[PDB]
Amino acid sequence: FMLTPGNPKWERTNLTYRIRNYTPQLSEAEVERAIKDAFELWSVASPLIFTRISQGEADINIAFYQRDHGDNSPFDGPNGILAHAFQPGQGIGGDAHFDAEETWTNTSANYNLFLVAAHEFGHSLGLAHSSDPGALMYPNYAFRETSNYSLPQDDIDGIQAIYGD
């Protein structure tokens, strides 16, 4: 695992998040469940607690955007970059954006939203990319069974390094 340069991290353990919009590819409940379970992966290996809010200012904004979307990191259409997130901090800090032009799924087909969201949240919490090819924080996407998914040991090591002892 690798911690993001500067070691940015949340100084509060209860964080809020808000799903700002949706993707036509899945139902709203499917998007909400993928996000909830993605946060839960990290939650069960750290002292962090995530609370969803329906409107208002949340610590972590989550949204689906296309191409230019106000942050100087434009998406690129189908495939290629799937999503991105900002390191812990105020404002844009911690926010996770997903490329609206992707085929988002809750299956083994590209691209499983739950898995991509889980990876992005690692960034939102302060983790950089791992060089362990089996880590959720590895730089390239790959499907893994999701029904009873749990964080690979390397990611546990990483989150414990930040929010542990």
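A residue's number is simply how far along the shown sequence it sits, counting from 1.
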Q) When the C-alpha temperature factors are averaged for each of 53-61 and 26-34, which stretch ends up with the higher value in the entry? A) 53-61
Q) Comparing 113-121 with 127-135, where is the mean C-alpha B-factor higher? A) 127-135
Q.
Just to confirm, going by the entry's C-alpha B-factors, which of 153, 16, 146, 21 comes out highest?
A. 146
Q: Place residue 93 in the lowest, middle or highest third of its chain's C-alpha B-factors, as listed in the PDB entry.
A: middle
